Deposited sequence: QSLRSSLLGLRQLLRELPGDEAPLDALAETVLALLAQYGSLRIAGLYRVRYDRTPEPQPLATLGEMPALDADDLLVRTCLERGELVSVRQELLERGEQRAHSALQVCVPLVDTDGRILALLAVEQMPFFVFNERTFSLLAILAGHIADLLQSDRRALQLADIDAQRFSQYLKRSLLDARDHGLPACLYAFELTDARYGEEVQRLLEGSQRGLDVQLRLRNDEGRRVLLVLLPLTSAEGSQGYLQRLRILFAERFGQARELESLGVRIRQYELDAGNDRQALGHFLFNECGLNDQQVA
């Protein structure tokens, strides 16, 4: 919950930015402070990364007494060519690139000093998880110029991040599809579902191959316990809105669930969305 809350905090600071300033310049202190907190950093800088994957040497923000940035330092070059966190384990100790879901490297965290007892894989993993999610947000919410649905774009980018979270870090997420089969209750059920949206959850309102309303809900960074806690909350909400006498199911709601796993193979998510939920590739990528 700490990660989710840290990310929601950042996201809100992004939403309230004037839109005059670049997110990365104006929120640099906050981004670095966030990373410092999770890595127990002591000496570090945050740097803009250019188009061509080179770093701008003048830092956006520093922590402690960070020395000048060795542009062609081995750790820095390796990090930026590989697009992944690299460390010196076994001047700089760790470099963490901030890479979005499309592989654009937006920024670079360069770590001079962190306590040795946290200089390990557990810590490197939190740093890499946080960096990727910050990256997405820095290019995110103020990004609606493409003539596709804003909602549709944010849904698929969040889904792509949760897939990386699963694949790379074993982090769990859950997708629900609510298929609404009764036209009498359809709109009112979907409105109830829309109003329940919480935290980093994202939603997409769709119509399937049989013309029925389908509400997709993605629960980022949420375990199997938790997913069940969500459906439990949701059932209480349906009981207030409609009969406590009645169940979700008696309103024409069919629930489909897909758990994102490190185990879940390649085209498993694809089979879930299409030829199962009956959606297509123009609704989610």
| item | value |
| --- | --- |
| Stretches of the record's deposited sequence for which the structure holds no C-alpha atoms | 91-102 |
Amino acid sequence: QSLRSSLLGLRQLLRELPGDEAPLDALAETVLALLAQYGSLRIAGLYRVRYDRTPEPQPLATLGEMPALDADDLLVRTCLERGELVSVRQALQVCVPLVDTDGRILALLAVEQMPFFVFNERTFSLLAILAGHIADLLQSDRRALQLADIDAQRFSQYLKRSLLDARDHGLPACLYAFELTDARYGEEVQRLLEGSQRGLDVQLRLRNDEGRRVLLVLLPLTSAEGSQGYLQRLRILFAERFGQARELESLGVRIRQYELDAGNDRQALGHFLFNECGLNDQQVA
From here on, numbers count along this sequence of modelled residues.
query: Of 72-80 and 147-155, the stretch whose C-alpha atoms average the higher B-factor in the entry; finding: 147-155
query: Per the entry, higher mean C-alpha B factor between 271-279 and 20-28; finding: 271-279
query: Member of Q90, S162, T101, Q190 with the greatest C-alpha B factor (per the PDB record); finding: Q90
query: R254, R241, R48, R246, ranked by C-alpha B-factor: the highest one; finding: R246
query: Cα B factor band for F119 (lowest, middle or highest third within the chain); finding: middle
query: Entry-reported Cα temperature factor of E112, expressed as the chain third it lands in; finding: middle
query: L260 - which third its CA temperature factor falls in, relative to the rest of the chain; finding: highest
query: Entry-reported Cα temperature factor of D201, expressed as the chain third it lands in; finding: lowest
query: Record-listed C-alpha B factor of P220: chain third; finding: lowest
